[PDB]
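Chemist: Contents are PDB, C-alpha atoms; file name final_10.pdb:
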MODEL        1
ATOM      1  CA  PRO Q  16     118.289 130.485 -53.332
ATOM      2  CA  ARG Q  17     118.234 133.521 -50.977
ATOM      3  CA  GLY Q  18     115.265 134.657 -48.871
ATOM      4  CA  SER Q  19     114.655 137.695 -51.138
ATOM      5  CA  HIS Q  20     114.466 135.368 -54.188
ATOM      6  CA  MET Q  21     111.964 132.982 -52.490
ATOM      7  CA  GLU Q  22     110.197 136.123 -51.072
ATOM      8  CA  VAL Q  23     110.296 134.715 -47.487
ATOM      9  CA  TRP Q  24     110.751 136.629 -44.209
ATOM     10  CA  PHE Q  25     114.300 137.403 -42.973
ATOM     11  CA  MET Q  26     115.583 135.208 -40.137
ATOM     12  CA  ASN Q  27     116.784 137.390 -37.259
ATOM     13  CA  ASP Q  28     118.191 135.771 -34.070
ATOM     14  CA  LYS Q  29     114.876 134.531 -32.598
ATOM     15  CA  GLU Q  30     113.269 133.041 -35.709
ATOM     16  CA  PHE Q  31     116.613 131.463 -36.738
ATOM     17  CA  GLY Q  32     116.884 129.848 -33.295
ATOM     18  CA  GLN Q  33     113.356 128.537 -33.855
ATOM     19  CA  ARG Q  34     114.457 126.932 -37.155
ATOM     20  CA  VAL Q  35     117.611 125.359 -35.664
ATOM     21  CA  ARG Q  36     115.468 123.710 -32.952
ATOM     22  CA  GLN Q  37     112.895 122.400 -35.479
ATOM     23  CA  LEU Q  38     115.534 120.745 -37.673
ATOM     24  CA  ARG Q  39     117.412 119.194 -34.720
ATOM     25  CA  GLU Q  40     114.227 117.851 -33.076
ATOM     26  CA  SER Q  41     112.815 116.371 -36.318
ATOM     27  CA  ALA Q  42     116.186 114.597 -36.831
ATOM     28  CA  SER Q  43     115.621 112.819 -33.435
ATOM     29  CA  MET Q  44     118.775 114.417 -31.899
ATOM     30  CA  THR Q  45     118.983 116.068 -28.465
ATOM     31  CA  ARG Q  46     121.335 118.939 -27.539
ATOM     32  CA  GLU Q  47     123.788 116.627 -25.757
ATOM     33  CA  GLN Q  48     124.022 114.270 -28.755
ATOM     34  CA  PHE Q  49     124.166 117.210 -31.195
ATOM     35  CA  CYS Q  50     127.054 119.185 -29.669
ATOM     36  CA  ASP Q  51     128.983 115.892 -29.264
ATOM     37  CA  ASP Q  52     132.448 116.801 -27.793
ATOM     38  CA  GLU Q  53     131.428 120.490 -27.488
ATOM     39  CA  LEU Q  54     134.668 121.834 -29.053
ATOM     40  CA  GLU Q  55     133.072 123.758 -31.941
ATOM     41  CA  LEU Q  56     129.600 124.218 -30.415
ATOM     42  CA  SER Q  57     128.729 123.885 -26.696
ATOM     43  CA  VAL Q  58     125.357 122.806 -25.228
ATOM     44  CA  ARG Q  59     124.953 126.123 -23.372
ATOM     45  CA  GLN Q  60     125.939 127.983 -26.558
ATOM     46  CA  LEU Q  61     123.340 126.008 -28.567
ATOM     47  CA  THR Q  62     120.557 126.586 -26.017
ATOM     48  CA  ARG Q  63     121.028 130.374 -26.242
ATOM     49  CA  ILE Q  64     121.107 130.197 -30.081
ATOM     50  CA  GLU Q  65     117.779 128.300 -30.128
ATOM     51  CA  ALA Q  66     116.475 130.746 -27.515
ATOM     52  CA  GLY Q  67     117.413 133.675 -29.801
ATOM     53  CA  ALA Q  68     119.705 135.200 -27.155
ATOM     54  CA  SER Q  69     122.978 134.426 -28.973
ATOM     55  CA  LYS Q  70     123.927 134.880 -32.653
ATOM     56  CA  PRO Q  71     126.241 132.126 -33.985
ATOM     57  CA  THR Q  72     129.712 132.689 -35.458
ATOM     58  CA  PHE Q  73     130.399 131.373 -39.008
ATOM     59  CA  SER Q  74     132.237 128.269 -37.692
ATOM     60  CA  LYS Q  75     129.246 127.467 -35.449
ATOM     61  CA  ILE Q  76     126.672 127.781 -38.286
ATOM     62  CA  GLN Q  77     128.955 125.615 -40.464
ATOM     63  CA  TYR Q  78     128.970 122.952 -37.733
ATOM     64  CA  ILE Q  79     125.174 123.147 -37.157
ATOM     65  CA  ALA Q  80     124.603 122.642 -40.920
ATOM     66  CA  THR Q  81     127.146 119.807 -41.457
ATOM     67  CA  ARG Q  82     125.718 118.073 -38.362
ATOM     68  CA  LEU Q  83     122.235 118.214 -40.020
ATOM     69  CA  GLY Q  84     123.576 117.091 -43.453
ATOM     70  CA  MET Q  85     122.797 120.534 -44.953
ATOM     71  CA  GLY Q  86     124.848 123.165 -46.745
ATOM     72  CA  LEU Q  87     125.648 126.444 -44.973
ATOM     73  CA  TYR Q  88     123.277 128.415 -47.222
ATOM     74  CA  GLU Q  89     120.555 125.722 -47.068
ATOM     75  CA  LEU Q  90     120.375 126.424 -43.317
ATOM     76  CA  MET Q  91     120.854 130.209 -43.474
ATOM     77  CA  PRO Q  92     120.106 131.445 -47.048
ATOM     78  CA  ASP Q  93     120.552 135.108 -46.073
ATOM     79  CA  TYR Q  94     123.967 134.599 -44.395
ATOM     80  CA  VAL Q  95     126.523 137.389 -44.836
ATOM     81  CA  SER Q  96     130.146 137.546 -43.696
ATOM     82  CA  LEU Q  97     131.297 140.124 -41.135
ATOM     83  CA  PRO Q  98     131.228 143.755 -42.415
ATOM     84  CA  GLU Q  99     134.494 144.709 -44.173
ATOM     85  CA  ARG Q 100     134.699 148.002 -42.237
ATOM     86  CA  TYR Q 101     134.340 146.147 -38.914
ATOM     87  CA  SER Q 102     137.015 143.515 -39.704
ATOM     88  CA  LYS Q 103     139.419 146.287 -40.774
ATOM     89  CA  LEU Q 104     138.861 148.268 -37.538
ATOM     90  CA  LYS Q 105     139.404 145.131 -35.440
ATOM     91  CA  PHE Q 106     142.635 144.354 -37.306
ATOM     92  CA  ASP Q 107     143.974 147.933 -36.971
ATOM     93  CA  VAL Q 108     143.090 148.062 -33.237
ATOM     94  CA  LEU Q 109     144.920 144.786 -32.488
ATOM     95  CA  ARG Q 110     148.004 145.828 -34.538
ATOM     96  CA  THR Q 111     148.455 149.309 -32.953
ATOM     97  CA  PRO Q 112     151.649 149.711 -30.899
ATOM     98  CA  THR Q 113     150.665 151.838 -27.873
ATOM     99  CA  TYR Q 114     153.884 152.177 -25.803
ATOM    100  CA  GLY Q 115     155.759 155.305 -26.873
ATOM    101  CA  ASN Q 116     153.006 156.676 -29.137
ATOM    102  CA  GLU Q 117     150.390 158.896 -27.484
ATOM    103  CA  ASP Q 118     148.839 159.728 -30.892
ATOM    104  CA  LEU Q 119     148.264 156.153 -32.133
ATOM    105  CA  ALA Q 120     146.769 155.122 -28.769
ATOM    106  CA  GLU Q 121     144.237 157.951 -29.374
ATOM    107  CA  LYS Q 122     143.309 156.603 -32.863
ATOM    108  CA  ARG Q 123     142.976 153.132 -31.264
ATOM    109  CA  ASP Q 124     140.175 154.068 -28.823
ATOM    110  CA  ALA Q 125     138.566 156.149 -31.610
ATOM    111  CA  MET Q 126     138.323 152.968 -33.746
ATOM    112  CA  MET Q 127     136.973 151.018 -30.744
ATOM    113  CA  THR Q 128     134.181 153.602 -30.340
ATOM    114  CA  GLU Q 129     133.272 153.340 -34.056
ATOM    115  CA  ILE Q 130     133.040 149.542 -33.579
ATOM    116  CA  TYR Q 131     130.685 149.991 -30.591
ATOM    117  CA  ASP Q 132     128.565 152.661 -32.326
ATOM    118  CA  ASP Q 133     128.114 150.933 -35.707
ATOM    119  CA  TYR Q 134     128.843 147.160 -35.711
ATOM    120  CA  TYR Q 135     129.106 145.645 -32.190
ATOM    121  CA  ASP Q 136     125.382 145.232 -31.429
ATOM    122  CA  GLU Q 137     124.933 143.080 -34.582
ATOM    123  CA  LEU Q 138     128.060 140.882 -34.284
ATOM    124  CA  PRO Q 139     127.881 137.178 -33.392
ATOM    125  CA  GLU Q 140     128.234 136.406 -29.663
ATOM    126  CA  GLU Q 141     131.813 135.054 -29.770
ATOM    127  CA  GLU Q 142     132.832 138.180 -31.684
ATOM    128  CA  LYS Q 143     131.266 140.505 -29.055
ATOM    129  CA  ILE Q 144     133.116 138.713 -26.248
ATOM    130  CA  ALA Q 145     136.412 138.954 -28.208
ATOM    131  CA  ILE Q 146     135.991 142.734 -28.659
ATOM    132  CA  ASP Q 147     135.259 143.085 -24.926
ATOM    133  CA  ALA Q 148     138.321 140.906 -24.185
ATOM    134  CA  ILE Q 149     140.557 143.628 -25.752
ATOM    135  CA  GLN Q 150     140.087 146.091 -22.865
ATOM    136  CA  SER Q 151     137.283 145.091 -20.423
ATOM    137  CA  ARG Q 152     138.339 144.799 -16.760
ATOM    138  CA  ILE Q 153     136.537 142.662 -14.176
ATOM    139  CA  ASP Q 154     136.032 144.380 -10.782
ATOM    140  CA  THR Q 155     134.415 141.364  -9.037
ATOM    141  CA  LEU Q 156     135.090 137.596  -9.002
ATOM    142  CA  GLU Q 157     131.331 136.833  -8.950
ATOM    143  CA  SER Q 158     130.426 139.051 -11.953
ATOM    144  CA  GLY Q 159     131.170 138.801 -15.689
ATOM    145  CA  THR Q 160     131.944 141.498 -18.268
ATOM    146  CA  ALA Q 161     129.353 144.062 -19.470
ATOM    147  CA  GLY Q 162     126.497 142.234 -21.171
ATOM    148  CA  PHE Q 163     127.789 138.722 -20.349
ATOM    149  CA  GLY Q 164     127.613 136.888 -17.002
ATOM    150  CA  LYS Q 165     130.463 134.669 -15.750
ATOM    151  CA  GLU Q 166     128.715 131.337 -16.536
ATOM    152  CA  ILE Q 167     128.782 132.292 -20.258
ATOM    153  CA  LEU Q 168     132.485 133.219 -20.167
ATOM    154  CA  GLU Q 169     133.375 130.055 -18.202
ATOM    155  CA  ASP Q 170     131.721 127.996 -20.950
ATOM    156  CA  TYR Q 171     133.873 129.785 -23.556
ATOM    157  CA  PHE Q 172     137.010 129.336 -21.365
ATOM    158  CA  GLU Q 173     136.408 125.614 -20.863
ATOM    159  CA  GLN Q 174     135.860 125.254 -24.632
ATOM    160  CA  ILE Q 175     139.291 126.802 -25.340
ATOM    161  CA  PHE Q 176     141.283 124.668 -22.847
ATOM    162  CA  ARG Q 177     140.044 121.524 -24.607
ATOM    163  CA  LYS Q 178     140.801 122.866 -28.139
ATOM    164  CA  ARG Q 179     143.881 121.488 -29.954
ATOM    165  CA  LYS Q 180     144.266 124.610 -32.147
ATOM    166  CA  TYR Q 181     143.270 128.125 -31.007
ATOM    167  CA  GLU Q 182     141.624 130.517 -33.482
ATOM    168  CA  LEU Q 183     142.165 134.293 -33.294
ATOM    169  CA  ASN Q 184     139.080 134.873 -31.111
ATOM    170  CA  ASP Q 185     140.257 132.149 -28.689
ATOM    171  CA  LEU Q 186     143.540 134.041 -28.175
ATOM    172  CA  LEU Q 187     141.507 137.194 -27.416
ATOM    173  CA  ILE Q 188     138.839 135.591 -25.197
ATOM    174  CA  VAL Q 189     141.552 133.931 -23.023
ATOM    175  CA  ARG Q 190     142.558 137.476 -21.945
ATOM    176  CA  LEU Q 191     139.296 137.711 -19.948
ATOM    177  CA  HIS Q 192     140.308 134.599 -17.972
ATOM    178  CA  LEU Q 193     143.455 136.539 -16.995
ATOM    179  CA  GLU Q 194     141.332 139.329 -15.461
ATOM    180  CA  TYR Q 195     139.783 136.690 -13.116
ATOM    181  CA  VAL Q 196     143.277 135.456 -12.152
ATOM    182  CA  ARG Q 197     144.002 139.048 -11.011
ATOM    183  CA  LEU Q 198     141.247 138.736  -8.342
ATOM    184  CA  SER Q 199     142.133 135.207  -7.085
ATOM    185  CA  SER Q 200     144.711 134.036  -4.527
ATOM    186  CA  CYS Q 201     148.043 132.434  -5.481
ATOM    187  CA  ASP Q 202     146.630 129.229  -3.839
ATOM    188  CA  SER Q 203     143.455 129.196  -6.011
ATOM    189  CA  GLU Q 204     142.327 126.687  -8.659
ATOM    190  CA  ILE Q 205     142.030 129.593 -11.135
ATOM    191  CA  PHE Q 206     145.749 130.428 -10.681
ATOM    192  CA  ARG Q 207     147.096 126.864 -11.117
ATOM    193  CA  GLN Q 208     144.895 126.688 -14.230
ATOM    194  CA  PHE Q 209     146.361 130.009 -15.517
ATOM    195  CA  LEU Q 210     149.813 128.363 -15.387
ATOM    196  CA  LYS Q 211     148.459 125.526 -17.587
ATOM    197  CA  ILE Q 212     147.135 128.188 -20.027
ATOM    198  CA  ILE Q 213     150.655 129.676 -20.331
ATOM    199  CA  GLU Q 214     151.891 126.137 -21.072
ATOM    200  CA  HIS Q 215     149.206 125.808 -23.809
ATOM    201  CA  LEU Q 216     150.044 129.205 -25.378
ATOM    202  CA  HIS Q 217     153.692 128.147 -25.830
ATOM    203  CA  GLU Q 218     152.706 124.927 -27.664
ATOM    204  CA  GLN Q 219     150.243 126.940 -29.820
ATOM    205  CA  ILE Q 220     153.115 128.865 -31.547
ATOM    206  CA  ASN Q 221     153.809 125.977 -33.992
ATOM    207  CA  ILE Q 222     150.077 125.116 -34.409
ATOM    208  CA  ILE Q 223     148.057 128.310 -35.031
ATOM    209  CA  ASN Q 224     147.773 130.138 -38.345
ATOM    210  CA  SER Q 225     150.949 132.170 -39.091
ATOM    211  CA  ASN Q 226     148.716 135.206 -39.664
ATOM    212  CA  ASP Q 227     147.310 135.037 -36.097
ATOM    213  CA  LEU Q 228     150.796 134.933 -34.433
ATOM    214  CA  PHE Q 229     150.731 138.681 -33.589
ATOM    215  CA  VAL Q 230     147.650 138.161 -31.353
ATOM    216  CA  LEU Q 231     149.309 135.197 -29.563
ATOM    217  CA  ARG Q 232     152.445 137.303 -28.962
ATOM    218  CA  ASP Q 233     150.417 140.073 -27.294
ATOM    219  CA  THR Q 234     148.419 137.535 -25.254
ATOM    220  CA  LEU Q 235     151.710 136.091 -23.916
ATOM    221  CA  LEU Q 236     152.823 139.653 -23.028
ATOM    222  CA  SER Q 237     149.534 140.153 -21.125
ATOM    223  CA  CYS Q 238     150.592 137.205 -18.918
ATOM    224  CA  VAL Q 239     153.754 139.077 -17.749
ATOM    225  CA  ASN Q 240     151.719 141.761 -15.947
ATOM    226  CA  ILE Q 241     149.497 139.068 -14.373
ATOM    227  CA  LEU Q 242     152.472 136.988 -13.187
ATOM    228  CA  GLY Q 243     153.868 140.273 -11.820
ATOM    229  CA  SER Q 244     150.657 140.951  -9.843
ATOM    230  CA  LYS Q 245     151.103 137.589  -8.040
ATOM    231  CA  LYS Q 246     154.905 137.931  -7.677
ATOM    232  CA  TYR Q 247     155.239 134.589  -9.488
ATOM    233  CA  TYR Q 248     158.174 135.611 -11.670
ATOM    234  CA  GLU Q 249     159.421 132.073 -12.553
ATOM    235  CA  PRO Q 250     157.764 131.559 -16.001
ATOM    236  CA  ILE Q 251     158.491 135.124 -17.277
ATOM    237  CA  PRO Q 252     161.849 134.340 -19.012
ATOM    238  CA  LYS Q 253     160.272 131.552 -21.101
ATOM    239  CA  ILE Q 254     157.578 134.050 -22.186
ATOM    240  CA  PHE Q 255     160.365 136.363 -23.402
ATOM    241  CA  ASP Q 256     162.001 133.493 -25.354
ATOM    242  CA  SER Q 257     158.712 132.726 -27.116
ATOM    243  CA  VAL Q 258     157.867 136.403 -27.769
ATOM    244  CA  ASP Q 259     161.316 136.895 -29.391
ATOM    245  CA  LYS Q 260     160.907 133.737 -31.508
ATOM    246  CA  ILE Q 261     157.480 134.970 -32.690
ATOM    247  CA  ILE Q 262     158.982 138.416 -33.516
ATOM    248  CA  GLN Q 263     161.560 136.567 -35.681
ATOM    249  CA  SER Q 264     159.002 134.553 -37.743
ATOM    250  CA  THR Q 265     156.551 137.435 -38.186
ATOM    251  CA  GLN Q 266     159.361 139.943 -38.845
ATOM    252  CA  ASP Q 267     157.071 142.419 -37.025
ATOM    253  CA  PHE Q 268     159.660 144.087 -34.738
ATOM    254  CA  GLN Q 269     157.171 146.761 -33.403
ATOM    255  CA  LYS Q 270     157.274 145.174 -29.933
ATOM    256  CA  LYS Q 271     161.128 145.007 -29.762
ATOM    257  CA  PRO Q 272     161.218 148.124 -27.493
ATOM    258  CA  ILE Q 273     158.288 146.977 -25.288
ATOM    259  CA  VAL Q 274     160.024 143.590 -24.802
ATOM    260  CA  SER Q 275     163.451 145.150 -24.108
ATOM    261  CA  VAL Q 276     161.877 147.376 -21.398
ATOM    262  CA  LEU Q 277     160.072 144.387 -19.824
ATOM    263  CA  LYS Q 278     163.389 142.493 -19.980
ATOM    264  CA  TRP Q 279     165.239 145.283 -18.119
ATOM    265  CA  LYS Q 280     162.514 145.472 -15.453
ATOM    266  CA  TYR Q 281     162.824 141.741 -14.704
ATOM    267  CA  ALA Q 282     166.618 142.070 -14.385
ATOM    268  CA  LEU Q 283     166.302 145.264 -12.302
ATOM    269  CA  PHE Q 284     163.391 144.393  -9.943
ATOM    270  CA  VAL Q 285     163.444 140.540  -9.830
ATOM    271  CA  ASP Q 286     167.166 139.693 -10.249
ATOM    272  CA  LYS Q 287     168.306 143.059  -8.747
ATOM    273  CA  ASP Q 288     171.110 143.107 -11.342
ATOM    274  CA  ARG Q 289     171.289 146.545 -13.010
ATOM    275  CA  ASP Q 290     174.433 145.723 -15.043
ATOM    276  CA  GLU Q 291     172.289 143.211 -16.983
ATOM    277  CA  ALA Q 292     169.340 145.659 -16.969
ATOM    278  CA  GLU Q 293     171.288 148.636 -18.378
ATOM    279  CA  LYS Q 294     172.131 146.455 -21.431
ATOM    280  CA  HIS Q 295     168.460 146.067 -22.406
ATOM    281  CA  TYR Q 296     167.936 149.792 -21.687
ATOM    282  CA  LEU Q 297     170.608 150.571 -24.303
ATOM    283  CA  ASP Q 298     169.029 148.190 -26.876
ATOM    284  CA  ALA Q 299     165.673 149.991 -26.527
ATOM    285  CA  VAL Q 300     167.354 153.396 -27.000
ATOM    286  CA  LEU Q 301     169.393 152.203 -30.023
ATOM    287  CA  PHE Q 302     166.153 150.873 -31.524
ATOM    288  CA  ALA Q 303     164.278 154.170 -30.957
ATOM    289  CA  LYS Q 304     167.235 156.016 -32.542
ATOM    290  CA  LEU Q 305     167.286 153.768 -35.664
ATOM    291  CA  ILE Q 306     163.539 154.139 -36.393
ATOM    292  CA  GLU Q 307     163.888 157.895 -35.595
ATOM    293  CA  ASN Q 308     161.092 157.993 -33.000
ATOM    294  CA  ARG Q 309     161.946 160.844 -30.618
ATOM    295  CA  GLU Q 310     158.792 160.367 -28.476
ATOM    296  CA  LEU Q 311     159.647 156.680 -27.911
ATOM    297  CA  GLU Q 312     163.296 157.536 -27.191
ATOM    298  CA  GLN Q 313     162.291 160.180 -24.606
ATOM    299  CA  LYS Q 314     159.795 157.743 -23.006
ATOM    300  CA  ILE Q 315     162.509 155.062 -22.698
ATOM    301  CA  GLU Q 316     164.979 157.633 -21.296
ATOM    302  CA  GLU Q 317     162.370 158.811 -18.778
ATOM    303  CA  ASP Q 318     161.334 155.314 -17.572
ATOM    304  CA  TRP Q 319     165.003 154.375 -17.012
ATOM    305  CA  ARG Q 320     165.457 157.541 -14.878
ATOM    306  CA  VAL Q 321     162.274 156.770 -12.873
ATOM    307  CA  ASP Q 322     163.498 153.194 -12.238
ATOM    308  CA  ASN Q 323     166.763 154.380 -10.549
ATOM    309  CA  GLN Q 324     165.236 156.214  -7.541
TER     310      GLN Q 324
ENDMDL
END
Just give me the structure of the file as structure tokens.

Modeler:
Amino acid sequence: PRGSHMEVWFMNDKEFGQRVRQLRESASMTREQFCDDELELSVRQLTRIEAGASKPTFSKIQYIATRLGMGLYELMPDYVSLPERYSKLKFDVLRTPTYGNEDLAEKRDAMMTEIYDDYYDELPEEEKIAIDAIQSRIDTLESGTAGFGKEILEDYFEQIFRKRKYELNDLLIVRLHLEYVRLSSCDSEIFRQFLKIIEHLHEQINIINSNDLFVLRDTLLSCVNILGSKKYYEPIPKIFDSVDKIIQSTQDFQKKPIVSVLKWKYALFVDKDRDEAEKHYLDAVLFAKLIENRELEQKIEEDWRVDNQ
């Protein structure tokens, strides 16, 4: 029962929003009643969907349908899942180890451009924000990212803090909240919140899908830099514990050198104990020798030299 088979007009963002409103209204529900606890779908998120300014993710359409008693395809007959080429590019981008490889970091940004050229403009909203979360930087505390103003992102952030189980896009979108922490004082609300996020991310390890663990790992590593920018070194060791325990379950091992460097830097610059630091330096070298990556080995050798001036 597709739109092409009934010969009807295709529902783009506006005219779909129009339908979602109709069905909600005629079922005597208001936005506040409809969204309920706002975990899956928020009131602000719904308003923009009805307005035609935001395209819903699969999980959101699913919820909108179930909440109206309808099937997914009864609501959106012409629904299609995310392009296979897009989902591949996203996956490759997120799984690229950058440190030590100049060549792979070049393929990474190449993929990102292909995403922006071909698929980004037609993704659902949550998916756009998650792609931006990969490498967008916020210059100003008042402003948002490109395309999206703060009030949107806040709504997504608040949604995630309440969630019991983070999806892959939640683990990405959180990374934008970190860019706001960078601009705020150590005394701020935003910072004390950011510490609660770290607490959440730890508990998420034994809750999220096994397959998503690699994104969580890298999100926890993003916190180390941020904690460093505020000289709040206390929770860094526990991050390392968790990152190592994730590396064990996943059997991924690509971040072993990155972690060992970060471990030496803590020992060297925070603890000022370069007997303990040199140990991790040697692990990273041994690793780079075993996988036979000269570039990585030379990078590790160089950084160690730089850090003893």

Chemist: How many Å lie between CA of residue 101 in chain Q and CA of residue 238 in chain Q, rounded to one decimal?

Modeler: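 Between CA of residue 101 in chain Q and CA of residue 238 in chain Q the gap works out to 27.3 Å.
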
Chemist: Find the residues near residue 179 in chain Q: any atom within 10 Å, counting only C-alpha atoms, skip ones fewer than 2 places away on the same chain, and give them as an MDAnalysis selection string.

Modeler: chainID Q and resid 54 175:177 181:182 215 218:219 222:223

Chemist: Written as an NGL selection string, what is the full residue list that the PyMOL selection byres ((chain Q and resi 106) around 12) yields on the file shown?

Modeler: :Q and (99-105 or 107-111 or 123 or 126-127 or 130 or 146 or 149 or 183-184 or 226-227 or 229-230)

Chemist: Pick from Q:24, Q:281, Q:116, Q:45: nearest to residue 246 in chain Q, with all atoms listed in the file counted?

Modeler: Q:281

Chemist: If the PyMOL selection byres ((chain Q and resi 137) around 12) is run on the structure shown, which residues does it catch, given as a VMD selection string?

Modeler: chain Q and resid 27 to 28 69 to 72 95 to 98 101 130 to 136 138 to 143

Chemist: Using the chain letters and numbers from the file, which residues does the PyMOL selection byres ((chain Q and resi 154) around 12) grab, as a list in words?

Modeler: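 Those residues are residues 151, 152, 153, 155, 156, 157, 158, 159, 160, 161, 191, 194, 195, 196, 197, 198 and 199 of chain Q.
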
Chemist: Grab the CA of residue 234 in chain Q to CA of residue 118 in chain Q distance for me, in Å with one decimal place.

Modeler: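 A separation of 22.9 Å between them.
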
Chemist: Within 9 Å of residue 235 in chain Q, counting only C-alpha atoms, which residues show up once you throw out same-chain ones fewer than 5 positions away? Write them as number ranges by chain, please.

Modeler: Q: 213, 216-217, 230, 254-255, 257-258

Chemist: Tell me, in Å to one decimal, how far CA of residue 186 in chain Q is from CA of residue 231 in chain Q.

Modeler: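 Going from CA of residue 186 in chain Q over to CA of residue 231 in chain Q covers 6.0 Å.
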
Chemist: If you take all atoms listed in the file and a cut-off of 9 Å, which residues of range 180-284 of chain Q touch range 298-311 of chain Q, and what are their nearest atom pairs and distances in Å to one decimal, in chain and number order, as a tab-separated table?

Modeler:
residue	atom	partner	partner_atom	distance
Q:271	CA	Q:299	CA	7.5
Q:272	CA	Q:299	CA	4.9
Q:273	CA	Q:299	CA	8.1
Q:274	CA	Q:299	CA	8.7
Q:275	CA	Q:299	CA	5.9
Q:276	CA	Q:299	CA	6.9

Chemist: Which residues, written as a ChimeraX atom specification, have at least one atom at most 7 Å from residue 16 in chain Q, with only C-alpha atoms counted and residues fewer than 4 positions away on the same chain left out?

Modeler: /Q:20-21,92

Chemist: Convert the current residue selection to file output with C-alpha atoms, as a JSON list (two decimals), keeping the file's coordinate frame.

Modeler:
[["chain", "number", "residue", "atom", "x", "y", "z"],
["Q", 20, "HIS", "CA", 114.47, 135.37, -54.19],
["Q", 21, "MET", "CA", 111.96, 132.98, -52.49],
["Q", 92, "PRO", "CA", 120.11, 131.44, -47.05]]

Chemist: Determine the nearest neighbour of residue 78 in chain Q from the options Q:120, Q:221, Q:35, Q:324, counting all atoms listed in the file.

Modeler: Q:35
